[PDB]
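K.L.:
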RNA sequence: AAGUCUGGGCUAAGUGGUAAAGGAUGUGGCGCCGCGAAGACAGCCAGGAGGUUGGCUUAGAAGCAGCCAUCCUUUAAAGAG
Ligand SMILES: [Mg+2]
Ligand SMILES: [Mg+2]
Ligand SMILES: [Mg+2]
Ligand SMILES: [Mg+2]
Ligand SMILES: [Mg+2]
Ligand SMILES: [Mg+2]
Ligand SMILES: [Mg+2]
Ligand SMILES: [Mg+2]
Ligand SMILES: [Mg+2]
Ligand SMILES: [Mg+2]
Ligand SMILES: [Mg+2]
Ligand SMILES: [Mg+2]
Ligand SMILES: [Mg+2]
Ligand SMILES: [Mg+2]
Ligand SMILES: [Mg+2]
Ligand SMILES: [Mg+2]
Ligand SMILES: [Mg+2]
Ligand SMILES: [Mg+2]
Ligand SMILES: [Zn+2]
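Residue numbers (PDB author numbering), protein chains in the order written: chain AL, 2 to 140; chain AK, 4 to 133; chain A9, 1 to 37; chain AQ, 1 to 141; chain BZ, 555 to 689; chain AZ, 1 to 185.
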C-alpha cells in the first residue's frame, strides 16, 4: 500500500527488464512492470531502436499509467545522413550532410515536444543540433 | 547607463502598439506551468503577447513618458504587464483568471489595467470577463 | 589546523580573518583552516 | 640546459652589479613580460626551471621567449681545500641581471594564463620581479 | 627478465648448415636454444602478469564503494547486471591485487556481498612494476 | 583619432624639478624649429597610450599656436619602467617617414591547429603625406599555417603611402606552440 | 649638562629597541577604470527552463572524469553549466 507517485524514466528500446530504475521507484505502483515490454515495444517494434521517454503514475488501488514522447534530436538525424554514430570529434570531420528542408521535416517530427511552436525557430534547433554532432547542413 | 535604455524603447514600442495593457504578478509559477499559462495567453491573446514582464521602474517611465494614463495601479511587487491590445483581448482576461485562480495558491494574480485608454479597476477588471 | 608562513584562500568559501594579532583562514571545510605561524 | 657552445676563455673574473639594465628594458616579442626588480647572477638551472614552469602551465600552449642567456661561467673551489693553488673549477653558467631587465616574455595565451605562468616563473627565481604587459612605450623603442 | 616462461611468439626457422660427420641431434638442440635464448633477449622482452575475470555480487547500496575499491586495486571494470537483487559487477583485476579480497569486500559490503574470480589472460605489468621485480 | 595635448615652454628649470612636479620634460623640433617643452605626465600618458607614434598629437602652446606633431622618441628610465623625456616631431606638408599600425585580419590555419601567431611587426615604416595617415593597415593572415610567414612584400598599401623598409623584411609568422609533451628530453 | 619646546603628519606593534623569499580585509594616503535613485553592492522573496542523455569516449560518464563543440529555443532570465 505505497504512495501516489509521479515517476519519470528514460529507458531505451528492447531492454525491458524489471531492474533499476524499473524496480525501487516502480515497486510503489504494484506495477505490471512487464506490461511495458509489450505496451512499449508495440509503438517501437516497427522502429526498433530510439529511446522513447515515459512518465509513470500510480493511484490508490495499485495500478500503473505511462505516456511517451518522440525519439531524440540526435537520433532522428543519424539515420538521415547515412550514419550509425556521430562524428567522434565535432569540428574537423563531417560524417554526413542534410539539406535545409530535410531538417525541417525532422523539425516536423519533434514539433509537439518543444518550446516554440514554429518551423524557422524549430529548424535552427535541429540546425544547432547538427553543429553539436558535427554534421554539416546542406545549405 | 545602460541596457536599461534599450528596454524603455522595447516597452515603449510594445506600448505604443496598443491602448489596453493589463499587468499581473506572475509569481510562484514553475517553468512547466510557466510556459503553459503563457502559451495560454498566446492562444487567446494574439501575436506573442501574454506578458511582456519588465522592470516596473521603467514601465512607469513608460506609461509616465507616453503619459499613457499614468497606470498607477501599484507597480510595486512582481509586475509583468499583460499586453491585451498587442493581442486582441476582451473577455480574454478570463484566459488569465482561470489558469491562475485554480492552477496555484493564487496563480496569474491581476493588479492594474486600463482599457480603451481609460483606467480599469481592481476586481473591476478581474470581473471584466467573469 | 595548517600552520605555515603561506596562508591562503583554498576554495571559494575560504575566509581570511585577523584575530588577536594573527592572520587565520577559516572555512566551511575543515582542511582549509590555516593559522599563520 | 643553457650554456655557451664555445668560449674564448673558460673562467672570468667576477665583475660587478652596479646599475640598471644596460639595455633589454622594454618588451620586444610577446604580450607579457617578467622584469627583474633586482641584481643577481641568475643561474641557468634557474632560467630553465622558470621555462619549464610556464610550459607546464600552458600545457600546449603558446610561446615563451627567453631574453637572458647564461654566459658567465661560475667558478668554485673543491670542498675543504684552502685558499691558493689557483682559480677554481667552472661549475655552471649564469646570466648577470640588473633591475628593469625583461627576462621572459609570453605570447599567444589568455591574459589570466599569462600572469599566472609569470607568477610561477618568478617564484623559481632568486629576486623580486614585476610582471608587465606590452604598451605604447615599448613599441616606441 | 626474471626467468619465467616465454609465451605468445612466432618461431620462424629458415637458414642453416650441416655435417655428414660432425653434426648430431644433440648438436641441434643446443643450436635452437642458443638461438632462442638470444631471440627473446635482443627483442625488448617484457614481464606479463596474470589478470583475473572477477564477479562481485553486491546489494546495490554498496555498488560505488566496491567499484571504487576495484579500480583502486589496479583493476579495469567490465559491466553491471542485476541478480537475486542484489547486483553483479564484472572486472579484470590483476591477481597480484586479489589477495585476501574476501575481507575488504565483506567490509565494503557489510559482510553482505561475495565474489568468484577466474584467470582470463596475461598482460604487460606496468613499466613501474616490472622493473621493481627485476631483483 | 586626431589627438590634442597641452604643451608648455621650459627654459632653465631642472628636468628633476619638473619630473618631480608631475611634469614631463620634452623637446619639439623640425628642420625649421627646435623647442624645449614640458607636458603633464598623466595627460600625455592618456593621449600617448592611444596615439603612440602612430597618430598625430596636437600641441596647444601657451602662445596659442596649435602645432601638429608625431612622437618621434620617448626615453624611459630603465630602473622604473617610466618616461623621462619625449621627442615631438613638428609635422609639415611635405611627406614624412613614419610608423603605421598593422591590424592582422583573420585566424590562421596554423592557429586553430594548435599553434601561435607571432606578430614580428605590429606596425611598419612608411613614407607618406601627413594629410593621409592611414590610421590602420589590414593584413590577412588566415592562410598561414604553422611554419608559414609573411613579409613586407605582401602588405596591401593604401595610397600613398609607399613602404620604407626592405620588402625582404618579414612581418608575421606562425610558430608551434609550447608542448608539455615536448618536455622530457 | 640642556625643551616633558613649537607647528603638520603617521604608527598601536613597546613597532621604535635584530633578518629574507613569501603571506595577509592592519592603518592611512593617492590614482584608475566599474555598477548605481531608469534603484547598484549585502542579505532575503520568485524563477533558474526546453531541443537534450549535445557528439564522441569506458561497462556508465545524463550541464560538472575527459576529448570536441559551445548553437538553438520559449524567454524578464537562465551557461551545452
Ligand atoms: Mg602553501
Ligand atoms: Mg564560515
Ligand atoms: Mg672579485
Ligand atoms: Mg660588464
Ligand atoms: Mg648562486
Ligand atoms: Mg687552514
Ligand atoms: Mg673559485
Ligand atoms: Mg679532477
Ligand atoms: Mg622570487
Ligand atoms: Mg607595466
Ligand atoms: Mg636600442
Ligand atoms: Mg605613468
Ligand atoms: Mg611637547
Ligand atoms: Mg607634535
Ligand atoms: Mg611580533
Ligand atoms: Mg621595544
Ligand atoms: Mg624589539
Ligand atoms: Mg598598505
Ligand atoms: Zn575553504
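Each residue gets a CB set at the ideal place from its N, CA and C atoms; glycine is no exception.
Which residues end up in the neighbourhood of ligand 7 when you take C-beta atoms closer than 6 Å to any of its heavy atoms?
P.N.:
The set, ordered by position in the chain, is 75 (chain AQ), 76 (chain AQ), 77 (chain AQ), 87 (chain AQ) and 88 (chain AQ).
K.L.:
Mind pulling the chain BZ residues with CB within less than 7 Å of residue 20 (chain AL)?
P.N.:
Here the neighbours are 636.
K.L.:
Give me, in chain order, the residues of the same chain whose beta-carbon lies closer than 8 Å to that of residue 118 (chain AZ); leave out the 5 immediate sequence neighbours on both sides.
P.N.:
Only 172, 173, 174 and 175 meet the Cβ criterion.
K.L.:
On a CA-only basis, which of 7 (chain AK), 20 (chain AK), 13 (chain AK) and 26 (chain AK) is nearest residue 81 (chain AK)? Give me that one, please.
P.N.:
The candidate whose alpha carbon is nearest that of residue 81 (chain AK) is 26 (chain AK).
K.L.:
Considering only residues of the region 46 to 117 of chain AK, which uninterrupted alpha helix (DSSP H) runs meet the minimum length of 4 residues and lie entirely inside it, listed in chain order?
P.N.:
59 to 67 and 96 to 103, all fully within the region 46 to 117 of chain AK.
K.L.:
Identify whether residue 110 (chain AL) lies in helix, strand or coil by the three-state DSSP scheme.
P.N.:
Residue 110 (chain AL) falls in the coil class under three-state DSSP.
K.L.:
Please check if any C-beta of chain AQ sits within less than 8 Å of the C-beta of residue 44 (chain AZ).
P.N.:
No, because no Cβ of chain AQ sits closer than 8 Å to the Cβ of residue 44 (chain AZ).
K.L.:
Going by beta-carbon coordinates alone, are residue 77 (chain AK) and residue 115 (chain AK) separated by less than 8 Å?
P.N.:
Against a cut-off of 8 Å, the Cβ pair of residue 115 (chain AK) and residue 77 (chain AK) comes out as a contact.
K.L.:
Nearest chain AZ C-beta to residue 21 (chain AQ) closer than 8 Å, yes or no?
P.N.:
Interface residue, yes.
K.L.:
Could you tell me which residues DSSP pairs with residue 59 (chain AL) in its beta bridges?
P.N.:
Answer is 65 (chain AL), bridged to residue 59 (chain AL).
K.L.:
What first and last residue would you give for the alpha helix (DSSP H) that runs through residue 128 (chain AL)?
P.N.:
First-last of the alpha helix (DSSP H) with residue 128 (chain AL): 121 to 132.
K.L.:
Once the 5 residues before and after residue 26 (chain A9) are set aside, which same chain residues still bring their CB inside 7 Å of it?
P.N.:
The answer, listed in chain order, is 15, 17 and 33.
K.L.:
Could you tell me whether the Cβ atoms of residue 83 (chain AZ) and residue 137 (chain AQ) are closer together than 8 Å?
P.N.:
Yes. Within cutoff.
K.L.:
Any idea what DSSP makes of residue 45 (chain AZ), helix, strand or coil?
P.N.:
Reduced to three states, the DSSP call for residue 45 (chain AZ) is helix.
K.L.:
Could you name the residues whose beta carbon sits closer than 7 Å to any heavy atom belonging to ligand 10, keeping them in chain order?
P.N.:
Here the list is 132 (chain AQ), 133 (chain AQ), 135 (chain AQ) and 81 (chain AZ).
K.L.:
In the region 106 to 118 of chain AQ, which residues sit with their C-beta less than 7 Å from some C-beta in chain AZ, listed in chain order?
P.N.:
If the cut-off is 7 Å between Cβ atoms, the region 106 to 118 of chain AQ has 107 and 108 near chain AZ.
K.L.:
By DSSP, does residue 126 (chain AQ) sit in helix, in strand, or in coil?
P.N.:
In this structure, residue 126 (chain AQ) counts as coil in the three-state DSSP scheme.
K.L.:
Identify the contact partners of residue 55 (chain AQ) in chain AZ, using a Cβ-Cβ distance below 8 Å as the criterion.
P.N.:
Correct list: 178, 179, 180, 182 and 183.
K.L.:
Using a Cβ-Cβ distance cut-off of 8 Å, determine whether residue 175 (chain AZ) contacts chain AQ.
P.N.:
Closer than 8 Å: yes.
K.L.:
What number of angstroms, rounded off, separates the C-alpha of residue 98 (chain AZ) from the C-alpha of residue 54 (chain AZ)?
P.N.:
Cα-Cα distance, rounded: 7 Å.
K.L.:
Could one say the Cβ of residue 123 (chain AZ) lies closer than 8 Å to chain AQ's Cβ atoms, at least one of them?
P.N.:
So yes, residue 123 (chain AZ) belongs to the interface.
K.L.:
If I follow the unbroken alpha helix (DSSP H) through residue 136 (chain AZ), where does it start and stop?
P.N.:
Neither: residue 136 (chain AZ) is in no alpha helix (DSSP H) and is coded neither H nor E.
K.L.:
Per DSSP, what kind of secondary structure is residue 683 (chain BZ) in: helix, strand or coil?
P.N.:
Three-state result, residue 683 (chain BZ): helix.
K.L.:
Between 110 (chain AZ), 129 (chain AZ), 178 (chain AZ) and 7 (chain AZ), which lies nearest to residue 86 (chain AZ) when the distance is taken from Cα to Cα?
P.N.:
The shortest Cα separation from residue 86 (chain AZ) among 110 (chain AZ), 129 (chain AZ), 178 (chain AZ) and 7 (chain AZ) belongs to 7 (chain AZ).
K.L.:
List, in chain order, every chain AQ residue whose beta-carbon is nearer than 9 Å to that of residue 49 (chain AZ).
P.N.:
Simply 135, 136 and 137.
K.L.:
Return the residue from the list 133 (chain AZ), 65 (chain AZ) and 21 (chain AZ) that minimises the CA-CA distance to residue 38 (chain AZ).
P.N.:
Selected option, being the one with the closest Cα: 21 (chain AZ).
K.L.:
Note down the Cα distance separating residue 103 (chain AL) from residue 48 (chain AZ), rounded to an integer number of angstroms.
P.N.:
Whole-angstrom Cα-Cα distance: 57 Å.
K.L.:
Taking Cβ-Cβ distances shorter than 7 Å, what residues in chain AZ pair up with residue 44 (chain AQ)?
P.N.:
By Cβ distance, chain AZ contributes nothing, its closest Cβ being about 17 Å from residue 44 (chain AQ), past 7 Å.
K.L.:
Output the residues surrounding ligand 9, defined as those with a CB atom closer than 7 Å to any ligand heavy atom, in chain order.
P.N.:
Any residue whose Cβ sits closer than 7 Å to a heavy atom of ligand 9 makes the list: 122 (chain AQ), 123 (chain AQ), 125 (chain AQ), 126 (chain AQ), 127 (chain AQ), 128 (chain AQ) and 129 (chain AQ).
K.L.:
Considering only heavy atoms of ligand 6, does any lie closer than 7 Å to the CB of residue 79 (chain AZ)?
P.N.:
Flag unset: Cβ of residue 79 (chain AZ) not near ligand 6.
K.L.:
Which residues bound the alpha helix (DSSP H) around residue 18 (chain AK)?
P.N.:
11 to 18 is the span of the alpha helix (DSSP H), which, as asked, contains residue 18 (chain AK).
K.L.:
Quick one: does residue 117 (chain AZ) have its CB under 8 Å from some CB of chain AQ?
P.N.:
Yes, contact with chain AQ.
K.L.:
Quick check: is the beta carbon of residue 79 (chain AZ) nearer than 8 Å to any beta carbon in chain AQ?
P.N.:
For residue 79 (chain AZ), the answer is yes, since a Cβ of chain AQ falls inside 8 Å of its Cβ.
K.L.:
DSSP on residue 676 (chain BZ), reduced to helix/strand/coil?
P.N.:
If DSSP states are grouped into helix, strand and coil, residue 676 (chain BZ) belongs with the strands.
K.L.:
Could you give the C-beta distance for residue 50 (chain AQ) and residue 124 (chain AQ), rounded to a whole number, given that I count them as a contact under 8 Å?
P.N.:
Contact holds; Cβ gap of about 5 Å.
K.L.:
In chain AZ, which residues lie with their C-beta within 7 Å of the C-beta of residue 99 (chain AQ)?
P.N.:
Correct list: 79.
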